[PDB]
Amino acid sequence: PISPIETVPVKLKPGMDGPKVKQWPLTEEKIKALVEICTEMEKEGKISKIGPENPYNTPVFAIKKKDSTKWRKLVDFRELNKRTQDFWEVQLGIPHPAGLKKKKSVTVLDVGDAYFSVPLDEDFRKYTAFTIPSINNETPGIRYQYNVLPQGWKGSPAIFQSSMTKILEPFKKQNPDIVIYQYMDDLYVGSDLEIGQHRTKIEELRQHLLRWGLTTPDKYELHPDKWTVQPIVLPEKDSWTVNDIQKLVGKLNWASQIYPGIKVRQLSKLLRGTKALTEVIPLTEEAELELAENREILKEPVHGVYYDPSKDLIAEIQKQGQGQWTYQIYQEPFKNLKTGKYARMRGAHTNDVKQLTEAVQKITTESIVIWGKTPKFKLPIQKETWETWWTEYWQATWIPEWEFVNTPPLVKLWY
Amino acid sequence: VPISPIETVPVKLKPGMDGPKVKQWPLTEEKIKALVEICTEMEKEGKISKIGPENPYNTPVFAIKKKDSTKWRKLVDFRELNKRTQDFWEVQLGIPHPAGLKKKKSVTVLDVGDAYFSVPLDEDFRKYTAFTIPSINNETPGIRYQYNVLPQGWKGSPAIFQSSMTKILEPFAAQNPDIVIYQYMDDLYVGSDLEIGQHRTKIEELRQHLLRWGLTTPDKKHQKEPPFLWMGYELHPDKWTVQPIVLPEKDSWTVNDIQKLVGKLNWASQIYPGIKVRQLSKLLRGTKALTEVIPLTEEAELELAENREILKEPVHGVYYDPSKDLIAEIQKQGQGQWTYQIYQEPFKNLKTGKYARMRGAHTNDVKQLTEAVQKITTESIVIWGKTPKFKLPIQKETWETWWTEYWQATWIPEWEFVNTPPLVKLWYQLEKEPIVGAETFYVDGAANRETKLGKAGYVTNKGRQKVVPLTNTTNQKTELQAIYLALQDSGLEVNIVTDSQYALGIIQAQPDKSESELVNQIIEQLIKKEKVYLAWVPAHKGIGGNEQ
Ligand SMILES: N#C/C=C/c1cc(Cl)cc(Oc2ccccc2OCCn2ccc(=O)[nH]c2=O)c1
């Protein structure tokens, strides 16, 4: 390898020190995998061993590449990211193509390897320090720091941005209608082409990047034009009971925090007496009319809801049972930028944690394609459980921010 | 004079700072003349060096005396320097657990003397370690010094010494991969399956290698023989246990003493099964005064008595064999306390432990069991680097029902059912749909925040109405009280309708126990009922759900 230019100097925000984060305990399997991977990486000059005079640490995990039988090392750079990249969202910050979500097909390619041929600033290397843990704290961990641009660090594509633009320039000339956006280790490519044409063009880009020196072990298609804010659905019933009208009035009353132009009164007058829950109550004209008015007002989106770039994105997920999960991406309460429902194959494959994980990945990817940044999740799972099992089913190269919720949503079936 | 040709670790001062300028005059002539004697001998060994005072720095130097005063000891307070020095990598946060150690035919403990003083200090940093011995009154020129090696009490000493020791062991471990060396503070712990003769030969070889680098090791045999008392553990050749625990007898207990007691019991719980800290720690709920005398309750003394009866006879843990399965077994103690044993063998425990739920007002057995399984999974991953097969006192139907209808996503690995009671079951289940042919109770409750009087009542579809007055209550408590009333006055199958999202939230969580007596009574009622359908409606929207 060679240094194409000198190393791009990297500074943090003045007053901010390097990341210091504990290394999560790992299975012997994953530890051995990381040991092999890092032995080879040390052999190739990508990383070097460090002494006690380096205080900083960043977590490391072992996952599967995609479906692959070979282990892949996933570094969690979220802290270092937050420290450097908020300045590198400014100085080297990559612009987001808001027209990407309009394309009928979007394919994701993994360009990460590109970063490994580029050296890292000598003064900055000490902040890339990570630790391969030992079982039962028997030995102090094995400590490395990166000699080259690390994967998972948002500064890496920022530094490689010029080279990427240069390499992509010929392809973008022959294909002016194709949108290409680089988020961290991944390249998102949109088109309006037929699936066959789209895949052929993606393969063209693969061979183009390959003959220019960029290996992409992609050897996964979205459709963002169908992505929107889902309408709230009122139950369609031939007849009704007292209980049903109660659920209806309740749900609508909850929806009033969203669409203030909803009136539940005429439905309230129909239950007026004190009745058994199972008593069938036929709808009147003044009632049914109100039901129709509240139905037609619920299919039209909200007024005054826009995306604030100064505010973080928040993704809430709730479990619907039977392999179904519902989610909302918002910023301020009750103003929803996005809503959706993730589903999976039913039985003898997936469990709860797997489904939630894949859901989080899907939501995160959507958020990347749309707003150019990832949401902070509120996860319906026990903290330690998730922290233990999240690396099993994780196929993504990035890590979204997350926290954990108690006090179960009664919304539930309402969404 | 064991000089060390060891590569030094480069050290910096925190950016913007400089060396400590603290000056020390005091005090006594005797201590001064005692300092000279030691400093000359340290200089002879090259550990320190005199310096011409060209704008140097300074650090306070005291002198103290151990028991058996034939030997003086010099002390240096590096606090001010330690503030200004750069941060270093943490040395060792946690310690290895004996249950995770593996059987070795021979084990040797080697403690290295003059550990820090045998490891050189970075040259350019040495000037920051400068200190002065005071002249005897008379404002006379003092004796300047600085450290050429790792000073005791200096921030960077333990980590630098650790890494230096590691690099020193590096060429030796390469020639002897069959032997395993652990490194803790000033101690090395070697072990091997080699025969005693070859083992001792290798130990002596290691001692010689270490001595070549300027690190001394014990001459007579090698030091201690098993035990092996280490970090509050007793390590035997074929077994491990905890150092003897002493539970003091007192006529009066204080927060401090209860802290020590709960500490000892917790520490003992890793091996002796059955230890219960719940009541004794519940005594400690008040965080206010540390010296406050706290009266023990009856449940607390009972619990402590059971703990004494458990601690009567000694028990031991075994070591880990990778070739055999890892099994975890959990039992409920009934108070919200759970106990567990981890074993590769039926009569032999690797270790034991307990899980208690401190957080939350209400919960159920299945959830607590899940949390326990979580804790054991984490602990197992830490200690043995894998996860155990679980033997659990819960039917697959109960578990599956619970996690299928649970709002939160849990998980448990492959597990097998154990019929040993008390079994974990679902004591009641709410109906998912309203009950035809069941009386419908519309319940409500209210309270005045000031007077705290309030009332709770119901009105049914059969025209039955009741209002019961309350005292010293709150809105939530009346909201639960109304539902309790409806449960009391109805048949085996009942439809309740509440205006309370609170009460609905508590009940829908299906708790089998709570720290509230009211919730417990409601639980009992829900158990006694054949069918209960609880439903919610918006409060003060006036449909069928009006006030009282
Ligand atoms: N002071 C003091 C000594 C403390 C000490 C601390 C640790 Cl972490 C390990 C240790 O012994 C070992 C050293 C190297 C490998 C395995 C070991 O243990 C294996 C288990 N074992 C324990 C005692 C015994 O006699 N035989 C035996 O097989 C000793």
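- The name given to chain B in the PDB entry is Reverse transcriptase/ribonuclease H, p66 subunit, and the organism recorded there is Human immunodeficiency virus type 1 BH10.

- Chain A appears in the PDB entry as Reverse transcriptase/ribonuclease H, p51 subunit from Human immunodeficiency virus type 1 BH10.

1. Observations regarding the overall build of chain A
- If you tally the helices and strands in chain A, you get 9 helices and 14 strands.
- Summarising its shape, the C-alpha atoms of chain A cover approximately 80 × 55 × 45 Å along the three principal directions.
- For chain A, the proportion of its 415 residues judged to be buried stands at 51%.
- Both charge centroids of chain A, one from 59 positive and one from 54 negative side chains, sit 1 Å from each other.

2. So, the pattern of salt bridges
- Tallied over the full model, the rule gives 48 salt bridges over all chains.
- Among the salt bridges present, the one from B:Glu379 reaches B:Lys351, with a minimum N-O distance of 2.7 Å. Of this pair, B:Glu379 sits in helix 9 (residues 365-384) while B:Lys351 is found in strand 13 (residues 351-356), placing the two residues 28 residues apart along the sequence.
- Accessibility expressed as a relative area gives 2% for B:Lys351, which makes it buried.
- Put simply, A:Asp17, A:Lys20, B:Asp87 and B:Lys155 are held in one network by salt bridges that share partners.

3. Some details on the sheet that holds strand 22 (residues 531-536) of chain B
- One open sheet holds the 5 strands; their spatial order is 19-18-17-20-22 (chain B), and the pairing between them is mixed. The open sheet has two edge strands with one neighbour each: strand 19 (465-469) and strand 22 of chain B. Ignoring strand direction, the axes of neighbouring strands in this sheet form an average angle of 20°.
- In this sheet, strand 19 of chain B lies alongside strand 18 (residues 455-460) of chain B in antiparallel orientation, the contact comprising 5 bridges. Note that in strand 19 of chain B the partner of B:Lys455 across the bridge is B:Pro469.
- Packed onto the sheet, helix 5 (residues 242-255) of chain A meets strand 17 (439-446), strand 20 (493-498) and strand 22 of chain B and runs at close to 35° relative to strand 22 of chain B.

4. Some points on the interface of chain B and chain A
- In this assembly, 57 residues from chain B lie in contact with 52 residues from chain A.
- At the junction of chain B and chain A, the tally comes to 1 salt bridge.
- B:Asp87 serves as the salt-bridge partner of A:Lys20, at 3.7 Å between the closest nitrogen and oxygen.
- Joining chain B to chain A, the criterion identifies 15 residue pairs in polar contact.
- The element that contributes the greatest number of residues to the side of chain B that touches chain A is helix 9 of chain B, accounting for 8 residues.

5. Quick word on the site of the ligand
All names here are of chain B.
- Around the ligand, 19 residues are found, and the nearest of them are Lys102, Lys104, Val107, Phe228 and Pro237.
- Within the backbone of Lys104, an N or O atom sits 2.9 Å from an oxygen atom of the ligand.
- Separating a nitrogen atom of the ligand from a backbone N or O atom of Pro237 is a distance of 3.4 Å.
- Relative to its unbound accessible area of 640 Å², the ligand is 98% covered by the protein chains.
- Looking at which element gives the most residues to the shell around the ligand, the answer is strand 8 (residues 187-192), with 3 residues.
- Each residue belonging to the shell around the ligand can be placed in one class, and the counts come to 14 nonpolar, 2 polar and 3 charged.

6. Things to note about the domain arrangement of chain A
All names here are of chain A.
- What the domain assignment lists for chain A is domain 1 (9-98 + 124-164), domain 2 (99-123 + 165-221), domain 3 (222-307) and domain 4 (308-415).
- A C-alpha centroid distance of 27 Å is found between domain 2 and domain 4.
- Listed as interface residues are 10 residues of domain 2 and, on the opposing side, 9 residues of domain 4.
- Summed over both sides, the interface of domain 2 with domain 4 buries roughly 840 Å², with 63% coming from carbon and sulfur.
- Together, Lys101, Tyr183 and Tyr188 form the three largest contributors to the area buried by domain 2 at its contact with domain 4, with a combined 49%.
- Linking domain 2 with domain 4 are 0 salt bridges.
- Where domain 2 touches domain 4, the interface holds 3 residue pairs in polar contact.
- Class assignment of the residues belonging to the side of domain 2 that touches domain 4 gives a composition of 6 nonpolar, no polar and 4 charged.

7. What about the packing of aromatic side chains?
Residues and elements named next belong to chain A.
- Summed over the entire model, instances satisfying the criterion amount to 39 aromatic pairs over all chains.
- Taken together, a centroid distance of 5.9 Å and an interplanar angle of 40° make the contact between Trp88 and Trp153 tilted. Here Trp88 is found in helix 2 (residues 78-88), whereas its partner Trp153 is found in the loop between strand 6 (142-146) and helix 3 (155-174), with 65 residues between them in sequence.
- With a centroid separation of 6.4 Å and an interplanar angle of 55°, the aromatic rings of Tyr181 and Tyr183 are classed as tilted.
- Cluster of aromatic residues (ring-pair linked, three or more members): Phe61, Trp386, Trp390, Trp394, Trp398 and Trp402.

8. Quick look at the environment of A:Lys362
Residue and element names in this part refer to chain A.
- Structurally, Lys362 is set in helix 8 (residues 352-371).
- Relative accessible area serves as the criterion here: at 31%, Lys362 is assigned to the partly exposed category.
- Discounting chain neighbours no more than four positions away, the residues touching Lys362 are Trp227 and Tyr342.

9. Some words on the pairing of strand 2 (residues 61-65) of chain B
Residue and element names in this part refer to chain B.
- Inspection of the sheet shows strand 2 paired to strand 3 (residues 72-76) by 5 bridges, in the antiparallel sense. Looking at the pairing, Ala63 lines up with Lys74 of strand 3.
- Connecting strand 2 to the next strand, strand 3, in antiparallel fashion are 6 residues, including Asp68 with a positive phi near 60°.

10. So, helix 7 (residues 285-296) of chain A
Residues and elements named next belong to chain A.
- With 12 residues, helix 7 extends 16 Å from end C-alpha to end C-alpha; this agrees with the ideal 16 Å at 1.5 Å per step.
- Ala287, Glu290, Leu291 and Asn294 are the residues of helix 7 that are buried. The buried residues of helix 7 all sit within an arc of 105° when viewed along its axis, so they share a single face. Opposite its buried face, helix 7 presents the exposed residues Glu285, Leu289 and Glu296, each directed more than 90 degrees away.
- As for helix 7, its buried residues are in contact with helix 5 and helix 6 (265-268).

11. Let's talk about a nonpolar patch on the surface
Residue and element names in this part refer to chain B.
- A cluster of nonpolar side chains, contributed by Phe62, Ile64 and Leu75, occupies part of the molecular surface with about 250 Å² of accessible area.
- Mapping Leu75 onto the fold places it in strand 3.
- By relative accessible area, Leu75 is classed as partly exposed at 34%.

12. Notes on helix 1 (residues 29-44) of chain B
- Here helix 1 of chain B spans 23 Å end to end across 16 residues, near enough to the 22 Å set by a 1.5 Å rise per residue.
- Positioned one or two residues after helix 1 of chain B, B:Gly46 has a phi angle of 75°, which is positive.

13. Let's talk about the packing of helix 11 (residues 475-488) of chain B against helix 12 (residues 501-508) of chain B
Residues and elements named next belong to chain B.
- It is the contact of helix 11 with helix 12, at a shortest axis distance of 9 Å, that shows an interaxial angle of 60°. Taken together, the axis directions place helix 11 and helix 12 in an arrangement best described as oblique. Note on packing geometry: the crossing formed by helix 11 with helix 12 is right-handed. Counted together, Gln476, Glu479, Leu480 and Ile483 of helix 11 and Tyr502, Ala503 and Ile507 of helix 12 form the full contact between these two elements.
- In terms of residue class, the contact of helix 11 with helix 12 is built from 5 nonpolar, 1 polar and 1 charged.

What counts and what doesn't
- Residues numbered from 1 in each chain as written, not as in the entry; some residues may be left out.
- Chains lettered and ligands numbered in written order.
- Heavy atoms only, no water.
- Helix = DSSP H or I, 4+ residues; strand = E, 2+ residues; numbered from the N terminus.
- Buried < 20%, exposed > 50% of the residue type's maximum accessible area, 1.4 Å probe, protein only.
- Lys, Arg positive; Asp, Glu negative; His and termini not counted.
- Charge placed at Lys NZ, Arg CZ, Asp CG, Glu CD.
- Salt bridge = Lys/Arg side-chain N within 4 Å of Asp/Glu carboxyl O.
- Pairing = 2+ DSSP bridges.
- Axes fitted to C-alpha atoms, helices over the stretch in contact; angles between N-to-C directions.
- Contact = heavy atoms within 4.5 Å.
- Polar contact = N/O pair within 3.5 Å; in protein donor to acceptor, adjacent residues only side chain to side chain.
- Near = heavy atom within 4 Å.
- Areas by Shrake-Rupley, 256 points an atom, 1.4 Å probe, with all protein chains shown as cover.
- Nonpolar A, V, L, I, M, F, W, Y, C, P; charged D, E, K, R; others polar.
- Domains from an automatic or database assignment.
- Buried area = accessible area lost by both parts, 1.4 Å probe.
- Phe/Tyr/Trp six-rings, centres within 6.5 Å; stacked < 30°, edge-to-face > 60°.
- Expected span 1.5 Å × (residues − 1).
- Arc of directions from axis to C-beta.
- Patch = residues over 30% accessible without salt bridge, like charges linked within 9 Å, V, L, I, M, F, W, Y side chains within 5 Å.
- Parallel < 35°, antiparallel > 145°, perpendicular 65-115°, else oblique.
- Left-handed = near helix turned anticlockwise from the far one by under 90°.

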